Structure formats: structure tokens, C-alpha cells
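By convention here, the first residue in the shown sequence is residue 1.
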Amino acid sequence: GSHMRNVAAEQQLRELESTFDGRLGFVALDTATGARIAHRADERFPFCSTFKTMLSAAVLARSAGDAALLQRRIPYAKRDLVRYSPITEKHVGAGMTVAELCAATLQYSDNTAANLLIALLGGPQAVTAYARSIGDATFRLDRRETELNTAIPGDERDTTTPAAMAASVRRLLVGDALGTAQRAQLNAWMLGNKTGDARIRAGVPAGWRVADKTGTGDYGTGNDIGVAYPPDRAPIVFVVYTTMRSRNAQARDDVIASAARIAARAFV
């Protein structure tokens, strides 16, 4: 790629934002060169379910010094369920293993699974602490599911910036924040995501493998973060955050795919 292609990409991202009643936060980092395509990279956005990557990384980091942690079964009752728990709703009572909860929260965005893992780690503050430990000074998890998706304008609870999240995703999925086995497992879970077919995956070349985690919330908040693995190039980190001015707004898969498409064309 080149500086001029990246500049043009950034202009195209500004044009894309002008098509909807909201704002676009975007970073694509080419790990071949360290080059970045950015749009509103240092504005805070509500992360919604994209935090589940940070959450699962924290669990994996803990498992590195306690292999049997991943097999621990966590019980829970129906009364502990929250909205959007398609996997955990099927296993109330005896519950599920820690590994199963990670797969559920990453691949189906299961909310109760996330709450159980947040509890296991020591609460929302423990997830923020993990982020701090990997060099992320920006990420903050303040609430649990599903309140963390309120996406209220000016509310800094449960937010990060596209730049901070891209740096963290790079460290976790490509770099050395996790041990080899743990990085492989985090990638494996995210490669098998079921909720992201219309987002980053829809915008980048079909030949690229994508490990992603989506987020959707109030104010039409529509997010997707992850890494694309081209067959002939180094990995590219993608972070796409969008949110809208109206409470009646809905997330826009197409805008997220379009943003990724614009950047993919520049990193040649």
C-alpha cells in the first residue's frame, strides 16, 4: 500500500459517514508495515459485545496458570438469565464449562455467558484491569449485560476508542499478549463466529479468513472488531464502531461492511 491510498481511504470513510445519521469510528492496522487507516480513531464509542474478546482473553490468561479452569462447570438458574442468551438458556441448572461459556459468548454473543465469565474473573473491574495489563489505558467495563449496551451519548461507561481497541486486538490475536496456545484458542473461537457474516466478513475479500466479534446496542450501535488473514500478506486488524443520533436507530451491517471494504482496497 501507500500513504496516498490510505489518505484516499480516509476520505472515502468520511464520505461513508455522511450517508448515515451517526458517526463512524474506524481503524485498520496493516501488521505488515504498521500503517493505519483511521477515522475518529480517538473518539469514545460504546463497545457493546465487542468487549467479549477482552473478556475471553482475560479468562484464557488466567487458564495459563490453571489448565483445569477451562473445564470448571459454572451452575446458574433461569432467574440469572438476561436478554440474548441463546446457548446458556439451554443449560440452566448444572450450567456449562468455562470453555463452553467462552465459545458461547464469542460465537453467539451469549450475554449470560458473558456475565458468568465476568463474575468468575472478579467483576467488571477485573476485565478493565486485564485491559490495563496489556497496555490498554482506554477500555473501561463498568456494567454487566445487558445494561452495558445503553450507548447513551456522552456516557463514558463501557466505552473505548477505535485506536485503543485496535492496539489491543493486535496484541491479543497477532502479538504476544497471550501465550501461544491461548492466542490460538482465542483466534479459533473468533474464526468460528456466527454473528458476523454481514459485517467485516462481508466487506473484505472472500479469500481472507476473518476472526471477528460483533457488538450491537442502543442508538443503532453497530460494531465489529477482529483480524483478517490474507493468504498472501500479513494480518490486518479491523476495528469498526458506529453509533447513531436517534434512539430509534438500528445498527447498519452494510455500513460496517463498507468501511472494511474501503480499507481492504487500500492495503494492497
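Checking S109 against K194 by side-chain atom types alone, no donor-acceptor pair falls below 3.5 Å. Side chains of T214 and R199: no donor on one and acceptor on the other come within 3.5 Å. Side chains of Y229 and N187: a donor-acceptor N/O pair is present below 3.5 angstrom, by distance only. Using modelled atom types and a 3.5 Å distance limit, the side chains of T150 and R157 yield no donor-acceptor pair. For the 3.5 Å distance criterion, the side chains of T50 and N223 fail to qualify, holding no donor opposite an acceptor. There is no side-chain donor-acceptor pair under 3.5 Å between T146 and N111.
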Verify salt bridge (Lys or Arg N to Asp or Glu O under 4.0 Å) between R171 and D176, making sure each step is shown before the conclusion.
CA-CA 6 Å; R171 290 215 66 213; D176 60 2; 2.9 Å; yes
Check step by step if side chain to side chain contact (heavy atoms under 4.5 Å, CB included) holds for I225 and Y241.
CA-CA 8 Å; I225 69 175; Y241 285 144; 3.7 Å; yes
Before giving the answer on side chain to side chain contact (heavy atoms under 4.5 Å, CB included), spell out for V127 and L121 the whole-Å C-alpha distance, their side-chain angles and the decisive distance to 0.1 Å.
CA-CA 7 Å; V127 188; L121 290 172; 4.1 Å; yes
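Within the 4.5 Å cutoff, no side-chain heavy atoms of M165 are placed close to those of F45. A 4.5 Å side-chain heavy-atom check between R261 and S258 finds at least one atom pair inside the cut-off. Between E145 and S49 the shortest side-chain heavy-atom distance falls below 4.5 Å. Using a 4.5 Å heavy-atom threshold, the side chains of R44 and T138 count as touching. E89 places none of its side-chain heavy atoms less than 4.5 Å from the side chain of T112. With a 4.5 Å cut-off on side-chain heavy atoms, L173 and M190 count as touching. Residues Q185 and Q182 fail the side-chain proximity criterion, which asks for heavy atoms closer than 4.5 Å. Counting heavy atoms from C-beta outward, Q12 and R265 have side chains that approach closer than 4.5 Å.
Remark: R144 CZ is loosely packed, at most 12 non-hydrogen atoms of other residues, nucleotides or ligands lying under 6.0 Å away. Other residues, nucleotides and ligands contribute only 12 or fewer heavy atoms inside 6.0 Å of the CZ atom of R5. The local environment of CZ in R132 is crowded, with over 12 non-hydrogen atoms from other residues, nucleotides or ligands closer than 6.0 Å. The number of heavy-atom neighbours closer than 6.0 Å to CG of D66, taken from other residues, nucleotides and ligands shown, is above 12.
Here the closest heavy-atom approach between residue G207 and residue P231 is recorded as O-CD, 3.7 Å. Taking each heavy atom of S56 and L186 in turn, the nearest pair found is CB-CD1, 4.1 Å. For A177 against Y130, the heavy-atom pair with the smallest separation is O-OH, 4.5 Å. Here the closest heavy-atom approach between residue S85 and residue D110 is recorded as C-OD2, 3.2 Å. In terms of heavy atoms, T216 sits closest to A251 at CG2-CB, 4.1 Å. In this structure, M54 and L172 approach most closely via the heavy-atom pair SD-CD1, 4.4 Å.
Put simply, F51 and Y219 are part of two different groups of oily side chains (I, L, V, M, F, W, Y) that touch within less than 4.5 Å, one to the next. Hydrophobic clustering of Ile, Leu, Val, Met, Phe, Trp and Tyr side chains at less than 4.5 Å, counting indirect connections, unites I74 with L81. Taken together through direct or relayed side-chain contacts under 4.5 Å among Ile, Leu, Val, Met, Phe, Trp and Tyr, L106 and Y84 form parts of separate hydrophobic clusters. No path of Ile, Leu, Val, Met, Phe, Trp and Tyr side chains, each step under 4.5 Å between heavy atoms, connects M96 with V82, placing them in separate hydrophobic clusters. The cluster map of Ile, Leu, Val, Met, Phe, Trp and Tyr, joined by side-chain heavy atoms under 4.5 Å apart, puts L70 and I118 in the same cluster.
Here salt bridge (charged side-chain N to carboxylate O under 4.0 Å, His left out) pairs that include residues 225-234, with residues two or more places apart or in two chains, are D30-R233.
Cluster partners of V204 are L13, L16, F20, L24, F26, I37, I200, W208, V210, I236, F238, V240, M244, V255, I256, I262, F267, counting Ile, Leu, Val, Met, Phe, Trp and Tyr whose side-chain heavy atoms approach within less than 4.5 Å, directly or via other members.
Of the residues listed (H39, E43, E17), the one engaging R23 in a side-chain hydrogen bond (donor to acceptor under 3.5 Å, both in side chains) is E43, and it is the only one.
At a threshold of 4.0 Å, the pair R140-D158 does not count as salt-bridged, since none of the basic side-chain nitrogens sits closer than that to a carboxylate oxygen.
Centroid-to-centroid, the aromatic rings of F139 and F47 come within less than 6.0 Å.
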